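Data first, discussion second: the structure below is written as structure tokens.
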Amino acid sequence: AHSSXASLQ
Amino acid sequence: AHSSXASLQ
Amino acid sequence: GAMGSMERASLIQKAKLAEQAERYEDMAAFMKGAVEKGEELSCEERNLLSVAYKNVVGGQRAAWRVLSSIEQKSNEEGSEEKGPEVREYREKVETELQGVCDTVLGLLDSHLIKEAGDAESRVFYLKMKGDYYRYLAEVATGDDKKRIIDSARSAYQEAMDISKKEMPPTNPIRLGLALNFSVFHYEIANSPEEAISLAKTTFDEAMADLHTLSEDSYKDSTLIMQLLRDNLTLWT
Amino acid sequence: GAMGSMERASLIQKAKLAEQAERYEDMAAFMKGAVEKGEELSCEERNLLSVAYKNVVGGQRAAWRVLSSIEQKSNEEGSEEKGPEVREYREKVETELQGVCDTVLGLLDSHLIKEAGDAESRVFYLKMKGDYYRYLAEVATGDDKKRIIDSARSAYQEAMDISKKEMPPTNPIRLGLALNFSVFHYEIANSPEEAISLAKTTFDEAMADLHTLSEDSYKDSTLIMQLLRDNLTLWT
Ligand SMILES: [Cl-]
Ligand SMILES: [Cl-]
Ligand SMILES: [Cl-]
Ligand SMILES: [Cl-]
Ligand SMILES: [Cl-]
Ligand SMILES: [Cl-]
Ligand SMILES: [Cl-]
Ligand SMILES: [Cl-]
Ligand code: NA
Ligand code: NA
Ligand code: NA
Ligand code: NA
């Protein structure tokens with residue numbers, strides 16, 4: 001399954 | 001440029 | 001600690017450089033040093049902390065899964081005995097993974113969570129607590145497995161309660177929390193129906209709130225909604 | 001050393017597991033431990049050593065290039081002053097990269113090269129010596145830069161002399177050596193014409209020998225020939 005998360009940078 | 005290398009495994 | 005002599009702002013700057021260089025162990029060490037300065041983290045700084053450790057533990061989890069699969073195959077009938085090495089090396093990677101989780105949990109407990117009063121920070125940290133207990137649960141097999149699972153559950157549940165009271169249904173933190181708690185239900189807690197129900201309710205309540213958002217916020221929210229959809233497609 | 005208590009065969013086995021798990025730092029540490037047992041390496045073991053360190057140093061080189069580019073931009077006219085952090089962090093990565101190169105060079109000098117009598121092993125190790133001096137040369141800026149470059153050149157040249165006397169023009173070790181020495185000429189030694197001439201002669205002399213090979217050897221040789229071609233296309 002996919003879980004959360006990307007960088008704001 | 002490309003240099004040499006792969007795994008035998 | 002080795003970062004004790006470096007300015008807080010310099011640690012943050014170097015964390016950003018480390019990210020650009022894909023040096024995530026360095027990034028995590030810089031961010032640990034920044035946390036240990038004792039000041040609260042801004043939203044940007046929380047996301048640097050999260051990105052750094054998620055990449056470190058992600059590589060460890062991927063390696064652990066490869067090694068665990070080899071170890072399981074070796075224990076099948078007809079498999080030739082190869083000695084203790086596969087178990088030893090899986091245990092080595094496991095111990096390092098557990099150490100990273102313990103490090104993150106330690107930062108959260110000393111003292112990020114207790115100083116976090118705004119909903120966005122407190123939900124963010126409680127979600128992280130759930131996530132790192134979840135990663136511990138992925139590898140747990142002993143007397144404390146049930147307590148590790150319950151620690152993940154309890155952290156996620158507290159985060160959920162705050163997020164539902166204090167954040168709109170499209171808030172990306174809230175969405176990512178619900179996404180991860182749904183994964184917890186499916187993959188850790190043996191509760192696929194709960195996972196599916198949570199993902200579908202979360203998706204639908206976010207859908208209904210999109211009309212309130214700017215174009216940029218809409219993009220942020222719909223990205224995570226698509227992950228909920230992707231999981232629903234896998235699971236149903 | 002931390003691997004001193006582990007059997008040679010167990011270190012080799014764990015190096016192979018580490019490769020499958022994409023744990024290249026571990027793989028390199030296992031292979032260093034295996035070398036330090038003092039026995040010669042088989043062809044398969046030499047290639048585990050090479051793969052491990054090439055992945056470790058490759059990540060360091062990629063990070064160094066990112067950071068060096070940021071540092072260069074910061075030194076342009078009109079760039080805002082941001083303090084010592086970019087230089088410091090580039091220097092940190094550089095020092096770690098140099099340490100890995102020194103480690104590899106140390107294994108070669110103590111005592112892989114001196115025990116290597118067959119052409120395939122000796123050419124393999126001398127090529128590696130050239131490669132790791134080349135990586136040192138990529139980051140060198142001081143009084144010893146010329147001597148580092150000459151050390152790379154000298155190692156490659158000795159490997160070339162042996163390979164031309166003792167190996168067919170299609171041998172993949174010979175081809176990869178010539179490929180890398182050509183890159184040395186182009187990127188380190190400021191000798192693009194030499195690089196181009198070497199790549200073209202190597203390619204043509206391999207072409208003429210392909211008819212002697214089995215299907216599997218043909219595949220091995222043509223893979224490296226294509227890299228020679230790709231470089232020629234970049235450079236001309
Ligand atoms: Cl910054
Ligand atoms: Cl081990
Ligand atoms: Cl609950
Ligand atoms: Cl549940
Ligand atoms: Cl083996
Ligand atoms: Cl630094
Ligand atoms: Cl020469
Ligand atoms: Cl030259
Ligand atoms: Na058998
Ligand atoms: Na064994
Ligand atoms: Na300015
Ligand atoms: Na600065």
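Simple scheme: letters A, B, ... for chains in structure tokens order, numbers from 1 for residues in each chain, numbers from 1 for ligands in the order shown.
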- Query: Do you know which residues are within 12 Å of ligand 9 using only C-alpha atoms and all ligand atoms? Can you write them as a PyMOL selection string?
  - Reply: chain C and resi 74+76-82
Could you save those same residues with N, CA and C atoms as an mmCIF file, in the first residue's frame?
data_model
loop_
_atom_site.group_PDB
_atom_site.id
_atom_site.type_symbol
_atom_site.label_atom_id
_atom_site.label_comp_id
_atom_site.auth_asym_id
_atom_site.auth_seq_id
_atom_site.Cartn_x
_atom_site.Cartn_y
_atom_site.Cartn_z
ATOM 1 N N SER C 74 14.539 -19.770 2.438
ATOM 2 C CA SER C 74 15.499 -20.735 2.968
ATOM 3 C C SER C 74 14.857 -21.705 3.949
ATOM 4 N N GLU C 76 11.838 -23.063 3.582
ATOM 5 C CA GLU C 76 10.872 -23.926 2.921
ATOM 6 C C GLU C 76 11.413 -25.348 2.808
ATOM 7 N N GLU C 77 10.492 -26.302 2.685
ATOM 8 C CA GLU C 77 10.888 -27.689 2.486
ATOM 9 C C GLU C 77 11.678 -27.819 1.190
ATOM 10 N N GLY C 78 12.765 -28.589 1.244
ATOM 11 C CA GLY C 78 13.615 -28.804 0.093
ATOM 12 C C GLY C 78 14.709 -27.775 -0.090
ATOM 13 N N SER C 79 14.696 -26.695 0.686
ATOM 14 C CA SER C 79 15.730 -25.677 0.584
ATOM 15 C C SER C 79 17.013 -26.167 1.240
ATOM 16 N N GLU C 80 18.134 -25.928 0.569
ATOM 17 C CA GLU C 80 19.421 -26.373 1.080
ATOM 18 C C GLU C 80 19.860 -25.492 2.248
ATOM 19 N N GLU C 81 20.461 -26.118 3.258
ATOM 20 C CA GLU C 81 20.927 -25.385 4.430
ATOM 21 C C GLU C 81 22.159 -24.566 4.073
ATOM 22 N N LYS C 82 22.121 -23.275 4.400
ATOM 23 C CA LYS C 82 23.199 -22.354 4.063
ATOM 24 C C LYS C 82 23.825 -21.709 5.296
#
- Identify, counting only C-alpha atoms and all ligand atoms, the protein, DNA and RNA residues located within 12 Å of ligand 12, and give them as a ChimeraX atom specification. /C:6-14,16-17 /D:74,80-89
Could you list, as a JSON list (two decimals) with N, CA, C and O atoms, in the first residue's frame, all protein and nucleic acid residues with an atom at most 7 Å from ligand 4, counting only C-alpha atoms and all ligand atoms?
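For reference, selection_36.json as written:
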[["chain", "number", "residue", "atom", "x", "y", "z"],
["C", 185, "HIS", "N", -4.14, -0.17, 9.67],
["C", 185, "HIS", "CA", -5.23, -1.12, 9.83],
["C", 185, "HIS", "C", -5.07, -2.31, 8.90],
["C", 185, "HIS", "O", -5.30, -3.46, 9.30],
["C", 189, "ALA", "N", -2.70, -4.30, 11.71],
["C", 189, "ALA", "CA", -3.74, -4.66, 12.65],
["C", 189, "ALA", "C", -4.69, -5.72, 12.14],
["C", 189, "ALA", "O", -5.66, -6.04, 12.83],
["C", 190, "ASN", "N", -4.48, -6.27, 10.95],
["C", 190, "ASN", "CA", -5.34, -7.33, 10.43],
["C", 190, "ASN", "C", -6.79, -6.88, 10.34],
["C", 190, "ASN", "O", -7.72, -7.65, 10.60],
["C", 191, "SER", "N", -6.99, -5.62, 9.94],
["C", 191, "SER", "CA", -8.32, -5.00, 9.92],
["C", 191, "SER", "C", -8.59, -4.38, 8.56],
["C", 191, "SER", "O", -8.73, -3.15, 8.45],
["C", 194, "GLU", "N", -11.67, -2.04, 8.30],
["C", 194, "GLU", "CA", -11.43, -0.73, 8.90],
["C", 194, "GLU", "C", -10.58, 0.14, 7.99],
["C", 194, "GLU", "O", -10.84, 1.35, 7.85]]
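Excluding residue 9 (chain B) itself and same-chain residues fewer than 5 positions from it, the residues having an atom within 10 Å of it are residues 16, 19, 20, 44, 47 and 48 of chain D, counting only C-alpha atoms.
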Would you name the residues within 6 Å of ligand 7, counting only C-alpha atoms and all ligand atoms, and put them as a PDB file with N, CA, C and O atoms, in the first residue's frame?
ATOM      1  N   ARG D 153      47.402   7.851 -14.298  1.00  0.00           N
ATOM      2  CA  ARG D 153      47.946   7.562 -15.621  1.00  0.00           C
ATOM      3  C   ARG D 153      48.847   6.336 -15.585  1.00  0.00           C
ATOM      4  O   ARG D 153      48.759   5.452 -16.446  1.00  0.00           O
ATOM      5  N   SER D 154      49.748   6.290 -14.605  1.00  0.00           N
ATOM      6  CA  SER D 154      50.733   5.218 -14.534  1.00  0.00           C
ATOM      7  C   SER D 154      50.073   3.870 -14.311  1.00  0.00           C
ATOM      8  O   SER D 154      50.513   2.863 -14.877  1.00  0.00           O
ATOM      9  N   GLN D 157      48.318   2.881 -17.502  1.00  0.00           N
ATOM     10  CA  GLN D 157      49.276   2.537 -18.548  1.00  0.00           C
ATOM     11  C   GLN D 157      49.840   1.138 -18.318  1.00  0.00           C
ATOM     12  O   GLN D 157      49.984   0.352 -19.267  1.00  0.00           O
TER      13      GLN D 157
END
- Message: So that I can see what lies close to region 207-224 of chain D, please list as an MDAnalysis selection string the residues with an atom at most 12 Å from it, counting only C-alpha atoms and leaving out residues fewer than 5 positions away in the same chain.
- Response: (chainID B and resid 2:8) or (chainID D and resid 167:180 199:202 229:231)
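Nearest residue to residue 59 (chain D) among C:92, C:32, C:23, C:37 is C:23, counting only C-alpha atoms.
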Residue list for chain D near chain C as a tab-separated table (two decimals) with N, CA and C atoms, in the first residue's frame, 6 Å, only C-alpha atoms:
chain	number	residue	atom	x	y	z
D	21	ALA	N	20.09	-6.52	-1.51
D	21	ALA	CA	19.38	-5.54	-0.70
D	21	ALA	C	19.76	-4.11	-1.04
D	63	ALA	N	26.98	13.23	-5.13
D	63	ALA	CA	26.70	14.24	-4.11
D	63	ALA	C	27.72	15.37	-4.19
D	66	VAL	N	26.85	17.76	-6.99
D	66	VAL	CA	25.74	18.64	-6.65
D	66	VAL	C	26.25	19.80	-5.80
- Among region 87-193 of chain C, which ones does DSSP place in helix (DSSP H, G or I), written as a ChimeraX atom specification? /C:87-115,119-139,145-166,172-187,192-193
Write out the residues from the selection above, keeping C-alpha atoms, as a PDB file, in the first residue's frame.
ATOM      1  CA  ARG C  87      19.417 -14.631   9.596  1.00  0.00           C
ATOM      2  CA  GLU C  88      22.440 -12.778  10.941  1.00  0.00           C
ATOM      3  CA  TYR C  89      22.407 -10.189   8.212  1.00  0.00           C
ATOM      4  CA  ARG C  90      18.626  -9.718   8.369  1.00  0.00           C
ATOM      5  CA  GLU C  91      19.037  -9.228  12.132  1.00  0.00           C
ATOM      6  CA  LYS C  92      21.794  -6.663  11.518  1.00  0.00           C
ATOM      7  CA  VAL C  93      19.614  -4.597   9.200  1.00  0.00           C
ATOM      8  CA  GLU C  94      16.657  -5.047  11.561  1.00  0.00           C
ATOM      9  CA  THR C  95      18.643  -3.789  14.534  1.00  0.00           C
ATOM     10  CA  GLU C  96      19.792  -0.724  12.609  1.00  0.00           C
ATOM     11  CA  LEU C  97      16.207  -0.030  11.502  1.00  0.00           C
ATOM     12  CA  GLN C  98      14.980  -0.359  15.080  1.00  0.00           C
ATOM     13  CA  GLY C  99      17.711   2.028  16.179  1.00  0.00           C
ATOM     14  CA  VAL C 100      16.561   4.674  13.701  1.00  0.00           C
ATOM     15  CA  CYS C 101      12.952   4.249  14.850  1.00  0.00           C
ATOM     16  CA  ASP C 102      14.048   4.537  18.481  1.00  0.00           C
ATOM     17  CA  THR C 103      15.996   7.692  17.624  1.00  0.00           C
ATOM     18  CA  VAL C 104      12.954   9.323  16.011  1.00  0.00           C
ATOM     19  CA  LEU C 105      10.660   8.243  18.843  1.00  0.00           C
ATOM     20  CA  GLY C 106      13.183   9.648  21.285  1.00  0.00           C
ATOM     21  CA  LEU C 107      13.181  13.073  19.613  1.00  0.00           C
ATOM     22  CA  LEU C 108       9.390  13.077  19.673  1.00  0.00           C
ATOM     23  CA  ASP C 109       9.350  12.196  23.380  1.00  0.00           C
ATOM     24  CA  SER C 110      12.200  14.568  24.314  1.00  0.00           C
ATOM     25  CA  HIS C 111      10.586  17.010  23.772  1.00  0.00           C
ATOM     26  CA  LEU C 112       8.839  17.739  20.463  1.00  0.00           C
ATOM     27  CA  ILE C 113       5.372  16.438  21.305  1.00  0.00           C
ATOM     28  CA  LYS C 114       5.072  17.987  24.745  1.00  0.00           C
ATOM     29  CA  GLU C 115       5.927  21.464  23.416  1.00  0.00           C
ATOM     30  CA  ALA C 119      -2.963  21.426  15.887  1.00  0.00           C
ATOM     31  CA  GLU C 120      -0.651  21.330  12.869  1.00  0.00           C
ATOM     32  CA  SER C 121       2.462  20.596  14.893  1.00  0.00           C
ATOM     33  CA  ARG C 122       0.875  18.222  17.367  1.00  0.00           C
ATOM     34  CA  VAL C 123      -0.900  16.173  14.689  1.00  0.00           C
ATOM     35  CA  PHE C 124       2.307  16.086  12.633  1.00  0.00           C
ATOM     36  CA  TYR C 125       4.343  14.692  15.544  1.00  0.00           C
ATOM     37  CA  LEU C 126       1.698  12.218  16.704  1.00  0.00           C
ATOM     38  CA  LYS C 127       1.408  10.929  13.134  1.00  0.00           C
ATOM     39  CA  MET C 128       5.192  10.502  13.071  1.00  0.00           C
ATOM     40  CA  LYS C 129       5.007   8.617  16.370  1.00  0.00           C
ATOM     41  CA  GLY C 130       2.425   6.274  14.870  1.00  0.00           C
ATOM     42  CA  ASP C 131       4.506   5.811  11.730  1.00  0.00           C
ATOM     43  CA  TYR C 132       7.713   4.858  13.565  1.00  0.00           C
ATOM     44  CA  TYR C 133       5.885   2.470  15.881  1.00  0.00           C
ATOM     45  CA  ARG C 134       4.328   1.015  12.704  1.00  0.00           C
ATOM     46  CA  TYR C 135       7.799   0.443  11.250  1.00  0.00           C
ATOM     47  CA  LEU C 136       8.804  -1.256  14.509  1.00  0.00           C
ATOM     48  CA  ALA C 137       5.660  -3.386  14.214  1.00  0.00           C
ATOM     49  CA  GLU C 138       6.562  -4.476  10.669  1.00  0.00           C
ATOM     50  CA  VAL C 139       9.615  -6.332  12.071  1.00  0.00           C
ATOM     51  CA  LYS C 145       4.594  -7.016  19.493  1.00  0.00           C
ATOM     52  CA  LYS C 146       1.084  -6.368  20.777  1.00  0.00           C
ATOM     53  CA  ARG C 147       2.281  -3.405  22.831  1.00  0.00           C
ATOM     54  CA  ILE C 148       4.195  -1.958  19.821  1.00  0.00           C
ATOM     55  CA  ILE C 149       1.059  -2.261  17.689  1.00  0.00           C
ATOM     56  CA  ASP C 150      -1.017  -0.650  20.413  1.00  0.00           C
ATOM     57  CA  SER C 151       1.494   2.208  20.713  1.00  0.00           C
ATOM     58  CA  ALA C 152       1.144   2.902  16.998  1.00  0.00           C
ATOM     59  CA  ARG C 153      -2.643   2.706  17.256  1.00  0.00           C
ATOM     60  CA  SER C 154      -2.776   5.042  20.250  1.00  0.00           C
ATOM     61  CA  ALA C 155      -0.589   7.686  18.612  1.00  0.00           C
ATOM     62  CA  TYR C 156      -2.573   7.595  15.373  1.00  0.00           C
ATOM     63  CA  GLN C 157      -5.849   7.736  17.297  1.00  0.00           C
ATOM     64  CA  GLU C 158      -4.823  10.816  19.293  1.00  0.00           C
ATOM     65  CA  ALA C 159      -3.678  12.496  16.077  1.00  0.00           C
ATOM     66  CA  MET C 160      -6.977  11.590  14.387  1.00  0.00           C
ATOM     67  CA  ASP C 161      -9.039  13.013  17.237  1.00  0.00           C
ATOM     68  CA  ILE C 162      -7.199  16.341  17.126  1.00  0.00           C
ATOM     69  CA  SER C 163      -7.206  16.511  13.331  1.00  0.00           C
ATOM     70  CA  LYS C 164     -10.959  15.945  13.108  1.00  0.00           C
ATOM     71  CA  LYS C 165     -11.657  18.675  15.665  1.00  0.00           C
ATOM     72  CA  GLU C 166      -9.126  21.234  14.493  1.00  0.00           C
ATOM     73  CA  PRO C 172      -2.761  17.555   3.771  1.00  0.00           C
ATOM     74  CA  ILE C 173      -1.481  16.581   7.241  1.00  0.00           C
ATOM     75  CA  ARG C 174      -4.909  15.230   8.154  1.00  0.00           C
ATOM     76  CA  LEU C 175      -5.106  13.375   4.829  1.00  0.00           C
ATOM     77  CA  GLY C 176      -1.663  11.821   5.163  1.00  0.00           C
ATOM     78  CA  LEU C 177      -2.451  10.777   8.734  1.00  0.00           C
ATOM     79  CA  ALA C 178      -5.655   9.067   7.659  1.00  0.00           C
ATOM     80  CA  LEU C 179      -3.813   7.430   4.749  1.00  0.00           C
ATOM     81  CA  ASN C 180      -1.161   6.024   7.080  1.00  0.00           C
ATOM     82  CA  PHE C 181      -3.627   4.935   9.772  1.00  0.00           C
ATOM     83  CA  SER C 182      -5.565   3.103   7.054  1.00  0.00           C
ATOM     84  CA  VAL C 183      -2.319   1.335   6.014  1.00  0.00           C
ATOM     85  CA  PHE C 184      -1.789   0.476   9.690  1.00  0.00           C
ATOM     86  CA  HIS C 185      -5.233  -1.120   9.831  1.00  0.00           C
ATOM     87  CA  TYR C 186      -4.645  -3.131   6.642  1.00  0.00           C
ATOM     88  CA  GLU C 187      -1.014  -4.218   7.049  1.00  0.00           C
ATOM     89  CA  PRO C 192      -8.805  -4.599   6.159  1.00  0.00           C
ATOM     90  CA  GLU C 193     -12.440  -3.527   6.528  1.00  0.00           C
TER      91      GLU C 193
END
